file input.tsv (TSV, C-alpha atoms and all ligand atoms)
chain	number	residue	atom	x	y	z
A	47	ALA	CA	25.45	4.10	-2.66
A	48	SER	CA	23.06	4.29	-5.61
A	49	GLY	CA	19.59	5.73	-5.41
A	50	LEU	CA	16.89	8.06	-6.74
A	51	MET	CA	15.88	11.62	-6.01
A	52	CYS	CA	12.58	13.26	-6.56
A	53	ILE	CA	13.11	16.53	-8.37
A	54	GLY	CA	9.54	17.70	-8.43
A	55	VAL	CA	5.88	16.82	-8.45
A	56	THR	CA	3.22	18.48	-10.59
A	57	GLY	CA	-0.52	17.88	-10.50
A	58	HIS	CA	-3.29	18.30	-12.97
A	59	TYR	CA	-6.38	20.08	-11.70
A	60	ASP	CA	-9.71	19.10	-13.31
A	61	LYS	CA	-12.28	21.62	-12.26
A	62	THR	CA	-15.12	19.23	-13.15
A	63	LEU	CA	-13.77	16.69	-10.70
A	64	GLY	CA	-13.05	19.28	-7.97
A	65	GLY	CA	-9.40	18.49	-7.53
A	66	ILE	CA	-6.14	17.05	-8.67
A	67	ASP	CA	-6.85	13.97	-10.77
A	68	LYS	CA	-3.34	13.20	-12.03
A	69	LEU	CA	0.25	13.44	-10.65
A	70	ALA	CA	3.57	13.60	-12.44
A	71	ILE	CA	6.52	12.65	-10.18
A	72	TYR	CA	9.90	13.61	-11.59
A	73	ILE	CA	12.84	11.35	-10.76
A	74	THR	CA	16.62	11.42	-11.45
A	75	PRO	CA	19.45	9.29	-10.04
A	76	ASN	CA	21.49	10.52	-7.07
A	77	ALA	CA	24.81	12.07	-8.33
A	78	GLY	CA	27.27	9.23	-8.75
A	79	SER	CA	24.75	6.38	-8.76
A	80	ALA	CA	25.25	3.20	-10.64
A	81	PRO	CA	22.45	2.33	-13.12
A	82	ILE	CA	19.14	1.37	-11.54
A	83	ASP	CA	16.53	-1.01	-12.96
A	84	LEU	CA	13.01	0.56	-12.56
A	85	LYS	CA	11.05	-2.44	-13.72
A	86	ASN	CA	10.36	-3.85	-10.15
A	87	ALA	CA	10.26	-0.45	-8.49
A	88	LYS	CA	7.32	0.21	-6.23
A	89	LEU	CA	5.66	3.52	-5.64
A	90	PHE	CA	4.16	3.88	-2.12
A	91	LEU	CA	1.67	6.66	-1.55
A	92	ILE	CA	-0.26	7.49	1.64
A	93	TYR	CA	-3.36	9.71	1.35
A	94	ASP	CA	-6.60	9.96	3.33
A	95	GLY	CA	-6.02	7.09	5.71
A	96	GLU	CA	-4.90	4.52	3.11
A	97	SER	CA	-1.56	3.31	1.87
A	98	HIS	CA	-1.27	2.39	-1.84
A	99	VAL	CA	1.42	0.43	-3.65
A	100	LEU	CA	1.74	0.99	-7.41
A	101	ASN	CA	3.70	-1.09	-9.84
A	102	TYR	CA	5.46	-0.44	-13.16
A	103	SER	CA	3.02	-0.64	-16.11
A	104	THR	CA	5.15	0.49	-19.05
A	105	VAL	CA	7.45	3.26	-20.38
A	106	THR	CA	6.78	5.87	-23.14
A	107	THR	CA	8.93	8.35	-24.99
A	108	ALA	CA	5.87	10.44	-25.95
A	109	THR	CA	6.61	12.77	-22.99
A	110	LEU	CA	10.00	13.66	-24.43
A	111	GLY	CA	10.35	17.46	-25.06
A	112	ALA	CA	6.65	17.99	-24.30
A	113	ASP	CA	5.12	20.89	-22.37
A	114	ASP	CA	1.81	19.11	-21.59
A	115	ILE	CA	2.45	15.66	-20.11
A	116	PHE	CA	-1.17	15.33	-18.78
A	117	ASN	CA	-2.83	15.07	-22.21
A	118	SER	CA	-4.16	11.57	-22.95
A	119	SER	CA	-4.51	12.36	-26.69
A	120	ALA	CA	-0.82	13.05	-27.10
A	121	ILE	CA	0.24	10.52	-24.42
A	122	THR	CA	-2.21	7.66	-24.91
A	123	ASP	CA	-0.35	5.42	-22.44
A	124	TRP	CA	-2.18	7.41	-19.72
A	125	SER	CA	-4.81	4.76	-20.34
A	126	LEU	CA	-2.55	2.29	-18.44
A	127	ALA	CA	-2.25	4.48	-15.31
A	128	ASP	CA	-4.88	2.77	-13.26
A	129	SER	CA	-5.68	2.17	-9.58
A	130	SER	CA	-2.54	0.09	-9.00
A	131	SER	CA	-0.02	1.07	-11.69
A	132	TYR	CA	2.23	3.98	-12.78
A	133	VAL	CA	3.55	4.73	-16.26
A	134	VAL	CA	7.08	5.92	-16.80
A	135	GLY	CA	7.61	8.87	-19.20
A	136	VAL	CA	10.99	9.62	-20.64
A	137	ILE	CA	12.06	13.27	-19.98
A	138	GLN	CA	15.78	13.09	-20.67
A	139	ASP	CA	17.76	9.99	-21.68
A	140	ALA	CA	20.94	10.38	-23.90
A	141	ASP	CA	21.63	6.69	-24.25
A	142	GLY	CA	18.02	5.29	-24.51
A	143	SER	CA	18.31	3.16	-21.31
A	144	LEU	CA	14.80	4.13	-20.04
A	145	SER	CA	13.23	2.31	-22.96
A	146	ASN	CA	14.54	-0.85	-21.33
A	147	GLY	CA	13.39	0.32	-17.87
A	148	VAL	CA	16.92	1.37	-16.76
A	149	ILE	CA	17.68	4.87	-15.37
A	150	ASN	CA	21.30	6.03	-15.48
A	151	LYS	CA	23.45	9.05	-15.09
A	152	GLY	CA	21.81	12.26	-16.24
A	153	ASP	CA	18.40	10.70	-16.94
A	154	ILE	CA	15.09	12.22	-15.98
A	155	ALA	CA	11.95	10.13	-15.83
A	156	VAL	CA	8.41	11.07	-14.83
A	157	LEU	CA	5.98	8.72	-13.03
A	158	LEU	CA	2.53	9.26	-14.39
A	159	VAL	CA	-0.16	8.50	-11.76
A	160	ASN	CA	-3.93	8.70	-12.15
A	161	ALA	CA	-4.80	9.89	-8.70
A	162	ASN	CA	-8.53	9.78	-9.46
A	163	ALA	CA	-8.13	6.07	-10.13
A	164	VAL	CA	-5.76	5.32	-7.19
A	165	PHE	CA	-7.64	7.27	-4.55
A	166	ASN	CA	-11.11	6.94	-6.10
A	167	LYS	CA	-11.54	10.71	-6.17
A	168	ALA	CA	-9.61	13.81	-7.13
A	169	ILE	CA	-7.35	15.22	-4.43
A	170	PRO	CA	-8.99	18.23	-2.79
A	171	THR	CA	-7.31	21.36	-1.55
A	172	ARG	CA	-5.08	21.26	1.60
A	173	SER	CA	-4.47	17.54	1.29
A	174	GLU	CA	-1.33	15.78	2.66
A	175	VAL	CA	0.38	13.28	0.37
A	176	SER	CA	3.42	11.22	1.47
A	177	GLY	CA	5.32	8.49	-0.38
A	178	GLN	CA	8.53	6.84	-1.55
A	179	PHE	CA	9.66	5.41	-4.93
A	180	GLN	CA	11.73	2.37	-4.14
A	181	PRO	CA	13.54	0.32	-6.74
A	182	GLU	CA	14.69	-3.12	-5.84
A	183	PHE	CA	18.25	-1.90	-5.33
A	184	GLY	CA	19.38	1.41	-3.90
A	185	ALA	CA	17.87	4.28	-1.94
A	186	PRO	CA	14.40	5.73	-2.62
A	187	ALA	CA	13.02	8.96	-3.92
A	188	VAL	CA	10.81	10.74	-1.37
A	189	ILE	CA	7.47	12.39	-2.06
A	190	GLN	CA	5.99	14.89	0.37
A	191	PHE	CA	3.53	17.67	-0.41
A	192	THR	CA	0.46	19.41	0.80
A	193	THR	CA	-1.83	20.42	-2.05
A	194	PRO	CA	-2.51	24.18	-2.05
A	195	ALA	CA	-5.63	25.68	-0.48
A	196	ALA	CA	-6.79	26.93	-3.94
A	197	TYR	CA	-6.40	25.45	-7.35
A	198	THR	CA	-5.88	28.42	-9.73
A	199	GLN	CA	-4.69	26.79	-12.98
A	200	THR	CA	-4.65	23.46	-14.68
A	201	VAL	CA	-0.99	22.53	-13.98
A	202	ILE	CA	0.02	22.96	-10.33
A	203	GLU	CA	3.52	22.74	-8.88
A	204	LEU	CA	3.13	20.53	-5.79
A	205	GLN	CA	6.67	19.75	-4.74
A	206	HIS	CA	9.33	22.13	-5.85
A	207	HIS	CA	12.85	21.13	-6.55
A	208	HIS	CA	15.60	22.87	-8.48
A	209	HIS	CA	16.58	20.22	-11.06
A	210	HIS	CA	15.22	21.04	-14.58
A	211	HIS	CA	12.52	18.76	-16.10
B	47	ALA	CA	-12.24	22.12	10.69
B	48	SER	CA	-9.53	20.19	12.45
B	49	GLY	CA	-6.23	18.35	12.23
B	50	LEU	CA	-2.95	17.30	13.79
B	51	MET	CA	0.56	18.61	13.33
B	52	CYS	CA	3.80	16.73	13.92
B	53	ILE	CA	6.01	19.05	15.93
B	54	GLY	CA	8.96	16.72	15.93
B	55	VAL	CA	10.35	13.19	16.06
B	56	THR	CA	13.15	11.88	18.19
B	57	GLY	CA	14.84	8.51	18.08
B	58	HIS	CA	16.82	6.15	20.34
B	59	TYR	CA	20.04	4.73	19.05
B	60	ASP	CA	20.87	1.19	20.25
B	61	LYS	CA	24.50	0.19	19.54
B	62	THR	CA	23.75	-3.59	19.92
B	63	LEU	CA	21.02	-3.43	17.31
B	64	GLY	CA	23.04	-1.09	15.04
B	65	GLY	CA	20.60	1.76	14.69
B	66	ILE	CA	17.45	3.46	15.84
B	67	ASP	CA	15.17	1.00	17.65
B	68	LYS	CA	12.55	3.44	19.01
B	69	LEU	CA	10.80	6.61	17.85
B	70	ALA	CA	8.92	9.29	19.75
B	71	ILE	CA	6.58	11.25	17.47
B	72	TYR	CA	5.25	14.45	19.02
B	73	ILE	CA	1.80	15.73	18.05
B	74	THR	CA	-0.43	18.75	18.80
B	75	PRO	CA	-3.67	19.95	17.21
B	76	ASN	CA	-3.75	22.63	14.52
B	77	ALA	CA	-4.83	26.03	15.81
B	78	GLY	CA	-8.63	26.28	15.77
B	79	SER	CA	-9.14	22.54	15.72
B	80	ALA	CA	-12.05	20.86	17.44
B	81	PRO	CA	-11.25	17.97	19.76
B	82	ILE	CA	-9.94	14.85	17.98
B	83	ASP	CA	-10.41	11.23	19.08
B	84	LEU	CA	-7.24	9.17	18.75
B	85	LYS	CA	-8.70	5.77	19.59
B	86	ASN	CA	-9.22	4.75	15.95
B	87	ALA	CA	-6.16	6.64	14.60
B	88	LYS	CA	-3.74	4.87	12.34
B	89	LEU	CA	-0.03	5.49	11.93
B	90	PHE	CA	1.29	4.70	8.41
B	91	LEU	CA	5.06	4.30	7.97
B	92	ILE	CA	7.08	3.56	4.86
B	93	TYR	CA	10.69	2.37	5.12
B	94	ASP	CA	12.89	0.16	2.80
B	95	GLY	CA	10.21	-0.98	0.38
B	96	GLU	CA	7.48	-1.77	2.89
B	97	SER	CA	4.43	0.13	4.14
B	98	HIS	CA	3.32	-0.58	7.71
B	99	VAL	CA	0.19	0.33	9.59
B	100	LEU	CA	0.08	0.66	13.39
B	101	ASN	CA	-3.03	0.80	15.57
B	102	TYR	CA	-3.83	2.48	18.84
B	103	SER	CA	-3.04	0.36	21.93
B	104	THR	CA	-3.30	2.40	25.12
B	105	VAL	CA	-2.50	5.80	26.62
B	106	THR	CA	-0.07	6.34	29.45
B	107	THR	CA	0.60	9.24	31.78
B	108	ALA	CA	3.98	7.76	32.70
B	109	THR	CA	5.48	10.00	30.05
B	110	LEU	CA	4.40	13.14	31.91
B	111	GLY	CA	7.50	14.95	33.10
B	112	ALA	CA	9.72	12.00	31.99
B	113	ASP	CA	13.18	13.25	30.97
B	114	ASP	CA	13.87	9.85	29.31
B	115	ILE	CA	11.02	9.12	27.00
B	116	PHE	CA	12.66	5.84	25.81
B	117	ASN	CA	13.10	4.22	29.25
B	118	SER	CA	10.90	1.12	29.20
B	119	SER	CA	11.61	0.39	32.84
B	120	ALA	CA	9.93	3.71	33.82
B	121	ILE	CA	7.37	3.76	31.04
B	122	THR	CA	6.28	0.21	31.12
B	123	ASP	CA	3.74	0.55	28.29
B	124	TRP	CA	6.69	0.60	25.86
B	125	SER	CA	6.01	-3.20	26.00
B	126	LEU	CA	2.82	-2.64	24.01
B	127	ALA	CA	4.70	-0.87	21.16
B	128	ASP	CA	5.12	-3.81	18.88
B	129	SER	CA	5.06	-4.53	15.18
B	130	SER	CA	1.44	-3.42	14.79
B	131	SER	CA	0.70	-0.90	17.60
B	132	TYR	CA	1.90	2.44	18.88
B	133	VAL	CA	1.35	3.77	22.43
B	134	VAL	CA	0.18	7.29	23.25
B	135	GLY	CA	1.93	9.17	26.03
B	136	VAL	CA	0.59	12.34	27.60
B	137	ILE	CA	3.14	15.20	27.41
B	138	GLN	CA	0.88	18.26	28.03
B	139	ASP	CA	-2.81	18.14	29.04
B	140	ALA	CA	-5.04	20.47	31.16
B	141	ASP	CA	-8.44	18.70	31.15
B	142	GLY	CA	-7.62	14.98	31.30
B	143	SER	CA	-8.80	14.49	27.70
B	144	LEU	CA	-5.78	12.55	26.59
B	145	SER	CA	-6.34	10.07	29.43
B	146	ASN	CA	-9.30	8.86	27.39
B	147	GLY	CA	-7.66	9.29	23.99
B	148	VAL	CA	-8.97	12.72	23.02
B	149	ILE	CA	-6.52	15.51	22.02
B	150	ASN	CA	-7.70	19.12	22.23
B	151	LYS	CA	-6.45	22.66	22.29
B	152	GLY	CA	-3.00	23.08	23.78
B	153	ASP	CA	-2.35	19.34	24.30
B	154	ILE	CA	0.83	17.56	23.29
B	155	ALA	CA	0.90	13.79	22.89
B	156	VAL	CA	3.74	11.45	21.96
B	157	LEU	CA	3.46	8.30	19.89
B	158	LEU	CA	5.83	5.59	21.12
B	159	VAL	CA	6.97	3.33	18.27
B	160	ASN	CA	9.21	0.30	18.45
B	161	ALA	CA	10.93	0.70	15.10
B	162	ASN	CA	12.87	-2.58	15.58
B	163	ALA	CA	9.58	-4.47	15.94
B	164	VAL	CA	7.90	-2.71	13.03
B	165	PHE	CA	10.73	-2.92	10.51
B	166	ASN	CA	12.31	-6.18	11.83
B	167	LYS	CA	15.61	-4.37	12.32
B	168	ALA	CA	16.85	-1.08	13.77
B	169	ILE	CA	16.80	1.86	11.34
B	170	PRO	CA	20.34	2.22	9.92
B	171	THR	CA	22.10	5.47	8.98
B	172	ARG	CA	21.06	7.39	5.86
B	173	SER	CA	17.52	5.98	5.88
B	174	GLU	CA	14.33	7.67	4.62
B	175	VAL	CA	11.16	7.26	6.73
B	176	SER	CA	7.88	8.75	5.52
B	177	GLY	CA	4.48	8.53	7.16
B	178	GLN	CA	1.20	10.00	8.30
B	179	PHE	CA	-0.76	9.80	11.54
B	180	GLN	CA	-4.44	9.82	10.55
B	181	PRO	CA	-7.26	10.00	13.07
B	182	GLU	CA	-10.67	9.20	11.75
B	183	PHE	CA	-11.51	12.85	11.53
B	184	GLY	CA	-9.35	15.85	10.71
B	185	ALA	CA	-6.19	16.30	8.73
B	186	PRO	CA	-3.15	14.07	9.50
B	187	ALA	CA	0.21	14.78	11.07
B	188	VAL	CA	3.10	14.09	8.66
B	189	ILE	CA	6.29	12.21	9.41
B	190	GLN	CA	9.32	12.71	7.24
B	191	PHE	CA	12.94	12.26	8.21
B	192	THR	CA	16.28	11.05	6.96
B	193	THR	CA	18.36	9.36	9.65
B	194	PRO	CA	21.85	10.91	10.00
B	195	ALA	CA	25.03	9.55	8.42
B	196	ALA	CA	26.37	8.53	11.85
B	197	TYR	CA	24.79	7.91	15.22
B	198	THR	CA	26.93	9.80	17.74
B	199	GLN	CA	24.71	9.94	20.76
B	200	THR	CA	21.87	8.00	22.35
B	201	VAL	CA	18.95	10.34	21.53
B	202	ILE	CA	18.75	11.78	18.02
B	203	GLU	CA	16.46	14.67	16.94
B	204	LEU	CA	15.17	13.42	13.58
B	205	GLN	CA	12.36	15.84	12.72
B	206	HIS	CA	11.76	19.36	13.91
B	207	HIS	CA	8.80	21.78	14.34
B	208	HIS	CA	8.24	23.66	10.96
B	209	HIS	CA	5.84	26.46	10.01
A	301	CA	CA	20.01	6.83	-19.86
A	302	CA	CA	-6.73	18.21	26.81

call {"tool": "encode", "arguments": {"input": "input.tsv", "output": "structure tokens"}}
result
Amino acid sequence: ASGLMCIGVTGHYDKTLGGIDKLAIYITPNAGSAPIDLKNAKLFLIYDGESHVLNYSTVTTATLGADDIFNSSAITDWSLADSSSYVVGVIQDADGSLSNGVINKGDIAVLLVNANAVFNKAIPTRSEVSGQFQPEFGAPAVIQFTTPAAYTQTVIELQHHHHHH
Amino acid sequence: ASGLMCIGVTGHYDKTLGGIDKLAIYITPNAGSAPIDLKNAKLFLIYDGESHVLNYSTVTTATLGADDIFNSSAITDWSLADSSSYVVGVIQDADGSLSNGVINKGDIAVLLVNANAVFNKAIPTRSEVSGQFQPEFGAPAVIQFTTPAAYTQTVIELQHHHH
């Protein structure tokens, strides 16, 4: 029984857009999982009366060891997070497997999503977001959060889990 | 300034089909909400790599006072819960509003969903189901449950009331 767990979601608040414009969904394998290929994995997100399906665009190691994973100067592959695609950032990967789109024991990946582009607007306060990240094989990671009623800083913890990023 | 809350989800376990074949999703308005029209409301469900949308069909009062919410002999409008439609049952109402698809203060409605029809199989053990019930106006009710590791009884409480 292999599968993926969501270990957190953070959002970027852009005050000029009035909301959360970008999401970072942190993923790790279930304890004891076999390796899982991410390359055909689909991200399903429901928001505001629409369901969206996003596909794998590419992977980048530019996120590795970085405090700011929302910055498109430092992580230029944000340019590929569009209305129908996510980018995978490497967070932790001892053996390098994520650079071939394979997540294995101990790995942490982040799914970079341009919510402004997917939803055609930034996500306002008190908004419900629901979703699953489903690779071809194994069980899915689950996304559920309600954005807070006030956005007070640029990086917002949306879904809290324990596992380190 | 209005919305719906999911106050729970139960499911029916069918041994012949090998899992949960029906869901009952219980809804009530958020405190302070204005009346909400359900007639154009959509139910979005994600399970096993597919996203499904279900539309409003009809509303039944046959669910009022029914101790078995899954009995399609008693609640004949279960026949209209198919791969693309849910049915609304009235559970609590004091002004008849739900009889014409409007939910208002103090009301509880149930959404009857034929999971077997929607997903083309019964929901097996250890499954993740995520969803939202979104009327045209107001904030949505949220569905999120993990089916248990074994099905030990006919009716399973899948999701509970949270604050
Ligand atoms: Ca690895
Ligand atoms: Ca009423």

call {"tool": "closest_atom_pairs", "arguments": {"input": "input.tsv", "of": "chain B", "to": "ligand CA 302 (chain A)", "cutoff": "9 Å", "atoms": "only C-alpha atoms and all ligand atoms", "output": "Markdown table"}}
result
| residue | atom | partner | partner_atom | distance |
| --- | --- | --- | --- | --- |
| B:81 | CA | A:CA302 | CA | 8.4 |
| B:138 | CA | A:CA302 | CA | 7.7 |
| B:139 | CA | A:CA302 | CA | 4.5 |
| B:140 | CA | A:CA302 | CA | 5.2 |
| B:141 | CA | A:CA302 | CA | 4.7 |
| B:142 | CA | A:CA302 | CA | 5.6 |
| B:143 | CA | A:CA302 | CA | 4.3 |
| B:144 | CA | A:CA302 | CA | 5.7 |
| B:145 | CA | A:CA302 | CA | 8.6 |
| B:148 | CA | A:CA302 | CA | 7.0 |
| B:149 | CA | A:CA302 | CA | 5.5 |
| B:150 | CA | A:CA302 | CA | 4.8 |
| B:151 | CA | A:CA302 | CA | 6.3 |
| B:152 | CA | A:CA302 | CA | 6.8 |
| B:153 | CA | A:CA302 | CA | 5.2 |
| B:154 | CA | A:CA302 | CA | 8.4 |

call {"tool": "residues_near_ligand", "arguments": {"input": "input.tsv", "ligand": "ligand CA 301 (chain A)", "cutoff": "6 Å", "atoms": "all atoms listed in the file", "output": "list in words"}}
result
residues 139, 140, 141, 142, 143, 144, 149, 150 and 153 of chain A

call {"tool": "interface_residues", "arguments": {"input": "input.tsv", "of": "chain A", "to": "chain B", "cutoff": "10 Å", "atoms": "all atoms listed in the file", "output": "NGL selection string"}}
result
:A and (87-99 or 172-192)

call {"tool": "atom_distance", "arguments": {"input": "input.tsv", "atom1": "CA of residue 110 in chain A", "atom2": "CA of residue 145 in chain A"}}
result
11.9 Å

call {"tool": "atom_distance", "arguments": {"input": "input.tsv", "atom1": "CA of residue 135 in chain B", "atom2": "CA of residue 102 in chain B"}}
result
11.4 Å

call {"tool": "closest_residue", "arguments": {"input": "input.tsv", "among": "A:63, A:201, A:133, A:47", "to": "residue 85 in chain A", "atoms": "all atoms listed in the file"}}
result
A:133

call {"tool": "closest_residue", "arguments": {"input": "input.tsv", "among": "B:80, B:71, B:158, B:137", "to": "residue 113 in chain B", "atoms": "all atoms listed in the file"}}
result
B:137

call {"tool": "residues_around", "arguments": {"input": "input.tsv", "residues": "residue 65 in chain B", "least_positions_apart": "2", "cutoff": "9 Å", "atoms": "only C-alpha atoms", "output": "ChimeraX atom specification"}}
result
/B:58-63,67,162,167-171,197

call {"tool": "closest_residue", "arguments": {"input": "input.tsv", "among": "B:48, B:76, B:56, B:130", "to": "residue 103 in chain B", "atoms": "only C-alpha atoms"}}
result
B:130

call {"tool": "residues_around", "arguments": {"input": "input.tsv", "residues": "residue 163 in chain A", "least_positions_apart": "3", "cutoff": "12 Å", "atoms": "only C-alpha atoms", "output": "VMD selection string"}}
result
chain A and resid 66 to 69 98 100 124 to 132 158 to 160 166 to 169

call {"tool": "axis_aligned_box", "arguments": {"input": "input.tsv", "around": "range 138-156 of chain B", "padding_each_side": "5 Å", "output": "AutoDock Vina command-line options"}}
result
--center_x -2.8 --center_y 16.0 --center_z 26.6 --size_x 23.0 --size_y 24.2 --size_z 19.3

call {"tool": "atom_distance", "arguments": {"input": "input.tsv", "atom1": "CA of residue 73 in chain B", "atom2": "CA of residue 147 in chain B"}}
result
12.9 Å

call {"tool": "build_atoms", "arguments": {"input": "input.tsv", "residues": "range 127-138 of chain B", "atoms": "N, CA, C and O atoms", "output": "JSON list (two decimals), keeping the file's coordinate frame"}}
result
[["chain", "number", "residue", "atom", "x", "y", "z"],
["B", 127, "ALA", "N", 4.27, -1.38, 22.49],
["B", 127, "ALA", "CA", 4.70, -0.87, 21.16],
["B", 127, "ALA", "C", 5.38, -2.06, 20.48],
["B", 127, "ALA", "O", 6.48, -2.49, 20.83],
["B", 128, "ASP", "N", 4.67, -2.64, 19.54],
["B", 128, "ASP", "CA", 5.12, -3.81, 18.88],
["B", 128, "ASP", "C", 5.08, -3.64, 17.40],
["B", 128, "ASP", "O", 5.07, -2.50, 16.89],
["B", 129, "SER", "N", 4.99, -4.71, 16.60],
["B", 129, "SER", "CA", 5.06, -4.53, 15.18],
["B", 129, "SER", "C", 3.82, -3.92, 14.56],
["B", 129, "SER", "O", 3.89, -3.41, 13.42],
["B", 130, "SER", "N", 2.70, -3.91, 15.28],
["B", 130, "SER", "CA", 1.44, -3.42, 14.79],
["B", 130, "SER", "C", 0.76, -2.35, 15.62],
["B", 130, "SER", "O", -0.32, -1.94, 15.24],
["B", 131, "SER", "N", 1.37, -1.87, 16.70],
["B", 131, "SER", "CA", 0.70, -0.90, 17.60],
["B", 131, "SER", "C", 1.68, 0.12, 18.10],
["B", 131, "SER", "O", 2.83, -0.21, 18.39],
["B", 132, "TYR", "N", 1.20, 1.37, 18.20],
["B", 132, "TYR", "CA", 1.90, 2.44, 18.88],
["B", 132, "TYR", "C", 1.25, 2.65, 20.25],
["B", 132, "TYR", "O", 0.10, 2.24, 20.46],
["B", 133, "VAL", "N", 1.91, 3.37, 21.15],
["B", 133, "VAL", "CA", 1.35, 3.77, 22.43],
["B", 133, "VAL", "C", 1.30, 5.30, 22.46],
["B", 133, "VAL", "O", 2.22, 5.99, 21.94],
["B", 134, "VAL", "N", 0.26, 5.84, 23.05],
["B", 134, "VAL", "CA", 0.18, 7.29, 23.25],
["B", 134, "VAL", "C", 0.64, 7.64, 24.65],
["B", 134, "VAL", "O", 0.19, 7.02, 25.61],
["B", 135, "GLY", "N", 1.57, 8.60, 24.78],
["B", 135, "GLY", "CA", 1.93, 9.17, 26.03],
["B", 135, "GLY", "C", 1.41, 10.58, 26.18],
["B", 135, "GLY", "O", 1.50, 11.36, 25.25],
["B", 136, "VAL", "N", 0.99, 10.98, 27.37],
["B", 136, "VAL", "CA", 0.59, 12.34, 27.60],
["B", 136, "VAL", "C", 1.85, 13.15, 27.91],
["B", 136, "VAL", "O", 2.70, 12.73, 28.72],
["B", 137, "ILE", "N", 1.98, 14.29, 27.21],
["B", 137, "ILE", "CA", 3.14, 15.20, 27.41],
["B", 137, "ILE", "C", 2.62, 16.50, 28.00],
["B", 137, "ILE", "O", 3.24, 17.00, 28.95],
["B", 138, "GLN", "N", 1.53, 17.06, 27.48],
["B", 138, "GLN", "CA", 0.88, 18.26, 28.03],
["B", 138, "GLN", "C", -0.65, 18.10, 27.90],
["B", 138, "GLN", "O", -1.23, 17.87, 26.81]]
